[PDB]
$ cat target-v7.pdb   # PDB, N, CA and C atoms
ATOM      1  N   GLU A 657     118.863  95.733 117.063  1.00  0.00           N
ATOM      2  CA  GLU A 657     117.522  95.287 116.585  1.00  0.00           C
ATOM      3  C   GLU A 657     117.379  95.559 115.086  1.00  0.00           C
ATOM      4  N   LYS A 658     117.833  96.697 114.634  1.00  0.00           N
ATOM      5  CA  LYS A 658     117.723  97.024 113.183  1.00  0.00           C
ATOM      6  C   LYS A 658     119.062  97.551 112.657  1.00  0.00           C
ATOM      7  N   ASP A 659     120.065  96.714 112.617  1.00  0.00           N
ATOM      8  CA  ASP A 659     121.396  97.163 112.116  1.00  0.00           C
ATOM      9  C   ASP A 659     121.451  97.055 110.590  1.00  0.00           C
ATOM     10  N   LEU A 660     122.495  97.558 109.987  1.00  0.00           N
ATOM     11  CA  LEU A 660     122.609  97.485 108.500  1.00  0.00           C
ATOM     12  C   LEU A 660     123.037  96.084 108.071  1.00  0.00           C
ATOM     13  N   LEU A 661     123.717  95.389 108.932  1.00  0.00           N
ATOM     14  CA  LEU A 661     124.177  94.012 108.598  1.00  0.00           C
ATOM     15  C   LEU A 661     122.999  93.054 108.577  1.00  0.00           C
ATOM     16  N   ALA A 662     122.222  93.113 109.599  1.00  0.00           N
ATOM     17  CA  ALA A 662     121.030  92.231 109.708  1.00  0.00           C
ATOM     18  C   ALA A 662     120.085  92.495 108.542  1.00  0.00           C
ATOM     19  N   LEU A 663     120.261  91.779 107.474  1.00  0.00           N
ATOM     20  CA  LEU A 663     119.388  91.981 106.288  1.00  0.00           C
ATOM     21  C   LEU A 663     117.965  91.494 106.555  1.00  0.00           C
ATOM     22  N   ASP A 664     117.744  90.809 107.644  1.00  0.00           N
ATOM     23  CA  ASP A 664     116.354  90.369 107.959  1.00  0.00           C
ATOM     24  C   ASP A 664     115.482  91.620 108.132  1.00  0.00           C
ATOM     25  N   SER A 665     116.103  92.728 108.457  1.00  0.00           N
ATOM     26  CA  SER A 665     115.358  94.007 108.633  1.00  0.00           C
ATOM     27  C   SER A 665     115.345  94.795 107.316  1.00  0.00           C
ATOM     28  N   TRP A 666     116.196  94.432 106.393  1.00  0.00           N
ATOM     29  CA  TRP A 666     116.232  95.131 105.074  1.00  0.00           C
ATOM     30  C   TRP A 666     114.980  94.781 104.273  1.00  0.00           C
ATOM     31  N   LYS A 667     114.466  93.589 104.450  1.00  0.00           N
ATOM     32  CA  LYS A 667     113.241  93.170 103.704  1.00  0.00           C
ATOM     33  C   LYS A 667     112.156  94.240 103.812  1.00  0.00           C
ATOM     34  N   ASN A 668     111.990  94.806 104.978  1.00  0.00           N
ATOM     35  CA  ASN A 668     110.974  95.879 105.143  1.00  0.00           C
ATOM     36  C   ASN A 668     111.386  97.078 104.292  1.00  0.00           C
ATOM     37  N   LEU A 669     112.667  97.265 104.113  1.00  0.00           N
ATOM     38  CA  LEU A 669     113.152  98.401 103.283  1.00  0.00           C
ATOM     39  C   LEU A 669     113.080  98.004 101.806  1.00  0.00           C
ATOM     40  N   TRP A 670     113.343  96.759 101.501  1.00  0.00           N
ATOM     41  CA  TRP A 670     113.276  96.320 100.078  1.00  0.00           C
ATOM     42  C   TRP A 670     111.844  96.480  99.577  1.00  0.00           C
ATOM     43  N   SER A 671     110.882  96.328 100.449  1.00  0.00           N
ATOM     44  CA  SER A 671     109.464  96.500 100.035  1.00  0.00           C
ATOM     45  C   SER A 671     109.218  97.975  99.730  1.00  0.00           C
ATOM     46  N   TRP A 672     109.964  98.833 100.377  1.00  0.00           N
ATOM     47  CA  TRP A 672     109.802 100.298 100.180  1.00  0.00           C
ATOM     48  C   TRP A 672     110.224 100.691  98.764  1.00  0.00           C
ATOM     49  N   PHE A 673     111.178  99.980  98.226  1.00  0.00           N
ATOM     50  CA  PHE A 673     111.666 100.267  96.850  1.00  0.00           C
ATOM     51  C   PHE A 673     110.798  99.532  95.834  1.00  0.00           C
ATOM     52  N   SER A 674     109.737 100.149  95.427  1.00  0.00           N
ATOM     53  CA  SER A 674     108.821  99.509  94.437  1.00  0.00           C
ATOM     54  C   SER A 674     109.276  99.816  93.006  1.00  0.00           C
ATOM     55  N   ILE A 675     110.560  99.810  92.767  1.00  0.00           N
ATOM     56  CA  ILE A 675     111.074 100.092  91.400  1.00  0.00           C
ATOM     57  C   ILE A 675     110.530  99.073  90.415  1.00  0.00           C
ATOM     58  N   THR A 676     110.582  97.820  90.759  1.00  0.00           N
ATOM     59  CA  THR A 676     110.070  96.780  89.831  1.00  0.00           C
ATOM     60  C   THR A 676     108.673  97.176  89.335  1.00  0.00           C
ATOM     61  N   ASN A 677     108.030  98.055  90.063  1.00  0.00           N
ATOM     62  CA  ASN A 677     106.681  98.541  89.658  1.00  0.00           C
ATOM     63  C   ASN A 677     106.842  99.622  88.590  1.00  0.00           C
ATOM     64  N   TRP A 678     107.839 100.452  88.753  1.00  0.00           N
ATOM     65  CA  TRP A 678     108.093 101.528  87.773  1.00  0.00           C
ATOM     66  C   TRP A 678     108.733 100.941  86.513  1.00  0.00           C
ATOM     67  N   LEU A 679     109.438  99.853  86.661  1.00  0.00           N
ATOM     68  CA  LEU A 679     110.081  99.214  85.481  1.00  0.00           C
ATOM     69  C   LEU A 679     109.031  98.505  84.624  1.00  0.00           C
ATOM     70  N   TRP A 680     107.885  98.225  85.187  1.00  0.00           N
ATOM     71  CA  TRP A 680     106.817  97.534  84.407  1.00  0.00           C
ATOM     72  C   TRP A 680     106.324  98.431  83.268  1.00  0.00           C
ATOM     73  N   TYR A 681     106.491  99.721  83.408  1.00  0.00           N
ATOM     74  CA  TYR A 681     106.048 100.662  82.336  1.00  0.00           C
ATOM     75  C   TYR A 681     107.039 100.615  81.168  1.00  0.00           C
ATOM     76  N   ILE A 682     108.253 100.206  81.409  1.00  0.00           N
ATOM     77  CA  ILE A 682     109.246 100.158  80.307  1.00  0.00           C
ATOM     78  C   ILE A 682     109.758  98.736  80.073  1.00  0.00           C
ATOM     79  N   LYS A 683     109.473  97.845  80.975  1.00  0.00           N
ATOM     80  CA  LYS A 683     109.940  96.442  80.820  1.00  0.00           C
ATOM     81  C   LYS A 683     109.051  95.698  79.818  1.00  0.00           C
TER      82      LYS A 683
END
$ encode --input "target-v7.pdb" --output "structure tokens"
Amino acid sequence: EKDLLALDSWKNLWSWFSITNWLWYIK
């Protein structure tokens, strides 16, 4: 259901990484 290969489940994890938000302070 949530394997590492199935990137369809990574999207929920990609949302967890709000780096693009931290890069806005220096971008």
$ atom_distance --input "target-v7.pdb" --atom1 "CA of residue 669 (chain A)" --atom2 "atom C of residue 657 (chain A)"
12.9 Å
$ atom_distance --input "target-v7.pdb" --atom1 "CA of residue 679 (chain A)" --atom2 "CA of residue 662 (chain A)"
27.5 Å
$ axis_aligned_box --input "target-v7.pdb" --around "region 663-673 of chain A" --padding-each-side "4 Å" --output "lines of an AutoDock Vina configuration file"
center_x = 114.7
center_y = 95.5
center_z = 102.2
size_x = 19.0
size_y = 18.3
size_z = 20.8
$ select_by_dssp --input "target-v7.pdb" --residues "chain A" --states "helix (DSSP H, G or I)" --output "count of residues only"
17
$ atom_distance --input "target-v7.pdb" --atom1 "CA of residue 668 (chain A)" --atom2 "CA of residue 680 (chain A)"
21.2 Å
